[PDB]
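One file, model-v6.pdb, is given below (PDB, N, CA, C and O atoms).
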```pdb
ATOM      1  N   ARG X   1      14.012  15.217  33.643  1.00  0.00           N
ATOM      2  CA  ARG X   1      14.066  13.736  33.811  1.00  0.00           C
ATOM      3  C   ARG X   1      12.748  13.087  33.392  1.00  0.00           C
ATOM      4  O   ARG X   1      12.173  12.290  34.129  1.00  0.00           O
ATOM      5  N   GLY X   2      12.276  13.439  32.200  1.00  0.00           N
ATOM      6  CA  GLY X   2      11.032  12.886  31.697  1.00  0.00           C
ATOM      7  C   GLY X   2      11.169  11.440  31.268  1.00  0.00           C
ATOM      8  O   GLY X   2      12.283  10.958  31.041  1.00  0.00           O
ATOM      9  N   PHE X   3      10.036  10.750  31.153  1.00  0.00           N
ATOM     10  CA  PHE X   3      10.014   9.347  30.739  1.00  0.00           C
ATOM     11  C   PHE X   3      10.217   9.209  29.226  1.00  0.00           C
ATOM     12  O   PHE X   3       9.477   8.492  28.548  1.00  0.00           O
ATOM     13  N   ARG X   4      11.234   9.888  28.702  1.00  0.00           N
ATOM     14  CA  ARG X   4      11.540   9.832  27.277  1.00  0.00           C
ATOM     15  C   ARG X   4      12.015   8.445  26.871  1.00  0.00           C
ATOM     16  O   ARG X   4      12.257   8.191  25.702  1.00  0.00           O
ATOM     17  N   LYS X   5      12.130   7.544  27.840  1.00  0.00           N
ATOM     18  CA  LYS X   5      12.557   6.183  27.558  1.00  0.00           C
ATOM     19  C   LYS X   5      11.534   5.481  26.667  1.00  0.00           C
ATOM     20  O   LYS X   5      11.899   4.800  25.707  1.00  0.00           O
ATOM     21  N   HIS X   6      10.245   5.658  26.972  1.00  0.00           N
ATOM     22  CA  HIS X   6       9.203   5.033  26.162  1.00  0.00           C
ATOM     23  C   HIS X   6       9.014   5.806  24.860  1.00  0.00           C
ATOM     24  O   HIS X   6       8.521   5.268  23.873  1.00  0.00           O
ATOM     25  N   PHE X   7       9.446   7.065  24.860  1.00  0.00           N
ATOM     26  CA  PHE X   7       9.356   7.908  23.675  1.00  0.00           C
ATOM     27  C   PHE X   7      10.422   7.495  22.663  1.00  0.00           C
ATOM     28  O   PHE X   7      10.156   7.397  21.468  1.00  0.00           O
ATOM     29  N   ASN X   8      11.623   7.240  23.168  1.00  0.00           N
ATOM     30  CA  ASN X   8      12.749   6.824  22.343  1.00  0.00           C
ATOM     31  C   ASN X   8      12.415   5.522  21.634  1.00  0.00           C
ATOM     32  O   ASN X   8      12.875   5.266  20.524  1.00  0.00           O
ATOM     33  N   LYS X   9      11.588   4.708  22.281  1.00  0.00           N
ATOM     34  CA  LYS X   9      11.159   3.439  21.707  1.00  0.00           C
ATOM     35  C   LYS X   9      10.415   3.703  20.402  1.00  0.00           C
ATOM     36  O   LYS X   9      10.627   3.024  19.396  1.00  0.00           O
ATOM     37  N   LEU X  10       9.564   4.723  20.426  1.00  0.00           N
ATOM     38  CA  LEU X  10       8.807   5.123  19.249  1.00  0.00           C
ATOM     39  C   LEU X  10       9.782   5.678  18.226  1.00  0.00           C
ATOM     40  O   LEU X  10       9.669   5.424  17.027  1.00  0.00           O
ATOM     41  N   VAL X  11      10.753   6.431  18.737  1.00  0.00           N
ATOM     42  CA  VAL X  11      11.784   7.032  17.910  1.00  0.00           C
ATOM     43  C   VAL X  11      12.517   5.962  17.121  1.00  0.00           C
ATOM     44  O   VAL X  11      12.898   6.186  15.987  1.00  0.00           O
ATOM     45  N   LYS X  12      12.695   4.789  17.720  1.00  0.00           N
ATOM     46  CA  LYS X  12      13.370   3.683  17.047  1.00  0.00           C
ATOM     47  C   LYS X  12      12.637   3.323  15.763  1.00  0.00           C
ATOM     48  O   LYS X  12      13.248   2.975  14.754  1.00  0.00           O
ATOM     49  N   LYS X  13      11.324   3.433  15.799  1.00  0.00           N
ATOM     50  CA  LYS X  13      10.510   3.157  14.631  1.00  0.00           C
ATOM     51  C   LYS X  13      10.602   4.347  13.682  1.00  0.00           C
ATOM     52  O   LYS X  13      10.675   4.186  12.466  1.00  0.00           O
ATOM     53  N   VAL X  14      10.625   5.542  14.270  1.00  0.00           N
ATOM     54  CA  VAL X  14      10.724   6.787  13.519  1.00  0.00           C
ATOM     55  C   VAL X  14      12.005   6.854  12.687  1.00  0.00           C
ATOM     56  O   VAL X  14      11.974   7.289  11.548  1.00  0.00           O
ATOM     57  N   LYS X  15      13.131   6.429  13.255  1.00  0.00           N
ATOM     58  CA  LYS X  15      14.399   6.470  12.540  1.00  0.00           C
ATOM     59  C   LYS X  15      14.313   5.617  11.284  1.00  0.00           C
ATOM     60  O   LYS X  15      14.847   5.985  10.237  1.00  0.00           O
ATOM     61  N   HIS X  16      13.600   4.496  11.372  1.00  0.00           N
ATOM     62  CA  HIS X  16      13.421   3.641  10.211  1.00  0.00           C
ATOM     63  C   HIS X  16      12.455   4.296   9.241  1.00  0.00           C
ATOM     64  O   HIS X  16      12.656   4.252   8.045  1.00  0.00           O
ATOM     65  N   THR X  17      11.406   4.913   9.768  1.00  0.00           N
ATOM     66  CA  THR X  17      10.424   5.586   8.930  1.00  0.00           C
ATOM     67  C   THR X  17      11.106   6.652   8.084  1.00  0.00           C
ATOM     68  O   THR X  17      10.864   6.763   6.885  1.00  0.00           O
ATOM     69  N   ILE X  18      11.985   7.419   8.716  1.00  0.00           N
ATOM     70  CA  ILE X  18      12.727   8.461   8.029  1.00  0.00           C
ATOM     71  C   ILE X  18      13.596   7.844   6.941  1.00  0.00           C
ATOM     72  O   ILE X  18      13.627   8.317   5.805  1.00  0.00           O
ATOM     73  N   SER X  19      14.290   6.767   7.303  1.00  0.00           N
ATOM     74  CA  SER X  19      15.159   6.065   6.370  1.00  0.00           C
ATOM     75  C   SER X  19      14.366   5.450   5.226  1.00  0.00           C
ATOM     76  O   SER X  19      14.524   5.827   4.106  1.00  0.00           O
ATOM     77  N   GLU X  20      13.536   4.479   5.517  1.00  0.00           N
ATOM     78  CA  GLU X  20      12.747   3.792   4.498  1.00  0.00           C
ATOM     79  C   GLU X  20      12.126   4.751   3.473  1.00  0.00           C
ATOM     80  O   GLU X  20      12.012   4.411   2.297  1.00  0.00           O
ATOM     81  N   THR X  21      11.706   5.928   3.912  1.00  0.00           N
ATOM     82  CA  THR X  21      11.076   6.890   3.010  1.00  0.00           C
ATOM     83  C   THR X  21      12.077   7.602   2.081  1.00  0.00           C
ATOM     84  O   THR X  21      11.857   7.678   0.873  1.00  0.00           O
ATOM     85  N   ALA X  22      13.145   8.166   2.642  1.00  0.00           N
ATOM     86  CA  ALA X  22      14.125   8.923   1.839  1.00  0.00           C
ATOM     87  C   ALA X  22      15.379   8.126   1.452  1.00  0.00           C
ATOM     88  O   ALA X  22      16.182   8.574   0.638  1.00  0.00           O
ATOM     89  N   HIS X  23      15.553   6.965   2.039  1.00  0.00           N
ATOM     90  CA  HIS X  23      16.731   6.139   1.771  1.00  0.00           C
ATOM     91  C   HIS X  23      16.681   5.550   0.377  1.00  0.00           C
ATOM     92  O   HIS X  23      17.665   5.003  -0.093  1.00  0.00           O
ATOM     93  N   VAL X  24      15.544   5.684  -0.295  1.00  0.00           N
ATOM     94  CA  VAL X  24      15.406   5.175  -1.655  1.00  0.00           C
ATOM     95  C   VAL X  24      16.400   5.860  -2.584  1.00  0.00           C
ATOM     96  O   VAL X  24      16.866   5.265  -3.545  1.00  0.00           O
ATOM     97  N   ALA X  25      16.735   7.108  -2.279  1.00  0.00           N
ATOM     98  CA  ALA X  25      17.692   7.861  -3.086  1.00  0.00           C
ATOM     99  C   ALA X  25      19.059   7.177  -3.083  1.00  0.00           C
ATOM    100  O   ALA X  25      19.874   7.384  -3.979  1.00  0.00           O
ATOM    101  N   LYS X  26      19.297   6.369  -2.057  1.00  0.00           N
ATOM    102  CA  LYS X  26      20.559   5.646  -1.910  1.00  0.00           C
ATOM    103  C   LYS X  26      20.395   4.185  -2.329  1.00  0.00           C
ATOM    104  O   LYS X  26      21.162   3.655  -3.131  1.00  0.00           O
ATOM    105  N   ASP X  27      19.384   3.550  -1.754  1.00  0.00           N
ATOM    106  CA  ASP X  27      19.066   2.153  -2.008  1.00  0.00           C
ATOM    107  C   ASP X  27      18.691   1.923  -3.464  1.00  0.00           C
ATOM    108  O   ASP X  27      18.727   0.796  -3.955  1.00  0.00           O
ATOM    109  N   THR X  28      18.315   2.995  -4.150  1.00  0.00           N
ATOM    110  CA  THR X  28      17.916   2.900  -5.547  1.00  0.00           C
ATOM    111  C   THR X  28      18.981   2.200  -6.388  1.00  0.00           C
ATOM    112  O   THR X  28      18.646   1.426  -7.267  1.00  0.00           O
ATOM    113  N   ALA X  29      20.255   2.476  -6.125  1.00  0.00           N
ATOM    114  CA  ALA X  29      21.337   1.856  -6.893  1.00  0.00           C
ATOM    115  C   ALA X  29      22.011   0.721  -6.124  1.00  0.00           C
ATOM    116  O   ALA X  29      23.124   0.314  -6.451  1.00  0.00           O
ATOM    117  N   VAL X  30      21.326   0.199  -5.118  1.00  0.00           N
ATOM    118  CA  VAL X  30      21.858  -0.904  -4.330  1.00  0.00           C
ATOM    119  C   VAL X  30      21.453  -2.232  -4.955  1.00  0.00           C
ATOM    120  O   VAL X  30      22.272  -3.136  -5.111  1.00  0.00           O
ATOM    121  N   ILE X  31      20.182  -2.333  -5.322  1.00  0.00           N
ATOM    122  CA  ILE X  31      19.658  -3.541  -5.943  1.00  0.00           C
ATOM    123  C   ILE X  31      18.879  -3.207  -7.209  1.00  0.00           C
ATOM    124  O   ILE X  31      19.051  -3.858  -8.228  1.00  0.00           O
ATOM    125  N   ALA X  32      18.026  -2.192  -7.145  1.00  0.00           N
ATOM    126  CA  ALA X  32      17.233  -1.797  -8.306  1.00  0.00           C
ATOM    127  C   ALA X  32      18.135  -1.449  -9.490  1.00  0.00           C
ATOM    128  O   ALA X  32      18.196  -2.178 -10.474  1.00  0.00           O
ATOM    129  N   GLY X  33      18.845  -0.342  -9.376  1.00  0.00           N
ATOM    130  CA  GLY X  33      19.746   0.094 -10.420  1.00  0.00           C
ATOM    131  C   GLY X  33      21.120  -0.524 -10.290  1.00  0.00           C
ATOM    132  O   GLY X  33      22.123   0.111 -10.609  1.00  0.00           O
ATOM    133  N   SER X  34      21.171  -1.767  -9.829  1.00  0.00           N
ATOM    134  CA  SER X  34      22.440  -2.461  -9.669  1.00  0.00           C
ATOM    135  C   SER X  34      22.209  -3.964  -9.528  1.00  0.00           C
ATOM    136  O   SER X  34      22.954  -4.664  -8.844  1.00  0.00           O
ATOM    137  N   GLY X  35      21.170  -4.449 -10.199  1.00  0.00           N
ATOM    138  CA  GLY X  35      20.846  -5.859 -10.157  1.00  0.00           C
ATOM    139  C   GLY X  35      19.538  -6.161 -10.855  1.00  0.00           C
ATOM    140  O   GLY X  35      19.518  -6.830 -11.876  1.00  0.00           O
ATOM    141  N   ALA X  36      18.444  -5.654 -10.303  1.00  0.00           N
ATOM    142  CA  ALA X  36      17.118  -5.863 -10.871  1.00  0.00           C
ATOM    143  C   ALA X  36      17.022  -5.276 -12.275  1.00  0.00           C
ATOM    144  O   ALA X  36      16.402  -5.856 -13.163  1.00  0.00           O
ATOM    145  N   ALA X  37      17.636  -4.116 -12.464  1.00  0.00           N
ATOM    146  CA  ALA X  37      17.620  -3.444 -13.756  1.00  0.00           C
ATOM    147  C   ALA X  37      18.541  -4.143 -14.752  1.00  0.00           C
ATOM    148  O   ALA X  37      18.284  -4.144 -15.956  1.00  0.00           O
ATOM    149  N   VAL X  38      19.619  -4.726 -14.241  1.00  0.00           N
ATOM    150  CA  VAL X  38      20.592  -5.417 -15.082  1.00  0.00           C
ATOM    151  C   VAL X  38      20.051  -6.749 -15.577  1.00  0.00           C
ATOM    152  O   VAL X  38      20.099  -7.041 -16.761  1.00  0.00           O
ATOM    153  N   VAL X  39      19.542  -7.555 -14.657  1.00  0.00           N
ATOM    154  CA  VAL X  39      18.999  -8.860 -15.006  1.00  0.00           C
ATOM    155  C   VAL X  39      17.882  -8.707 -16.028  1.00  0.00           C
ATOM    156  O   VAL X  39      17.721  -9.537 -16.922  1.00  0.00           O
ATOM    157  N   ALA X  40      17.125  -7.625 -15.896  1.00  0.00           N
ATOM    158  CA  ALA X  40      16.036  -7.335 -16.816  1.00  0.00           C
ATOM    159  C   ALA X  40      16.582  -6.783 -18.133  1.00  0.00           C
ATOM    160  O   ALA X  40      15.928  -6.871 -19.170  1.00  0.00           O
ATOM    161  N   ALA X  41      17.779  -6.202 -18.080  1.00  0.00           N
ATOM    162  CA  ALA X  41      18.406  -5.631 -19.269  1.00  0.00           C
ATOM    163  C   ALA X  41      19.064  -6.710 -20.129  1.00  0.00           C
ATOM    164  O   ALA X  41      18.701  -6.896 -21.291  1.00  0.00           O
ATOM    165  N   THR X  42      20.029  -7.418 -19.551  1.00  0.00           N
ATOM    166  CA  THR X  42      20.747  -8.475 -20.247  1.00  0.00           C
ATOM    167  C   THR X  42      21.399  -9.425 -19.241  1.00  0.00           C
ATOM    168  O   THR X  42      22.063  -8.929 -18.305  1.00  0.00           O
TER     169      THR X  42
END
```
Have the structure of the file written as structure tokens, please.
Amino acid sequence: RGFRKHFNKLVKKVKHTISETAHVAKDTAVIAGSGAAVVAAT
């Protein structure tokens, strides 16, 4: 019954850290390779 409640709070930031870092493999074709690259293309 540890005070992991305040730890989970940090984890909330961690989950985003994990995402923001490796989520580029997905987000890459969300706007970059699906908008920004197009507008710059034609």
Hey, can you check how far CA of residue 37 in chain X sits from CA of residue 22 in chain X?
20.2 Å
To one decimal place in Å, what is the distance between CA of residue 13 in chain X and CA of residue 27 in chain X?
18.7 Å
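The two atoms in question, CA of residue 30 in chain X and CA of residue 9 in chain X, are spaced 28.5 Å apart.
For range 4-39 of chain X, a DSSP pass over the backbone yields alpha helix (DSSP H) at residues 4, 5, 6, 7, 8, 9, 10, 11, 12, 13, 14, 15, 16, 17, 18, 19, 20, 21, 22, 24, 25, 26, 27, 36, 37, 38 and 39 of chain X.
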Starting from 8 Å padding per side, set up an axis-aligned box that covers all listed atoms of range 15-26 of chain X and hand over centre and edge lengths in Å, one decimal, as lines of an AutoDock Vina configuration file.
```
center_x = 15.8
center_y = 6.3
center_z = 4.6
size_x = 26.7
size_y = 21.3
size_z = 33.2
```
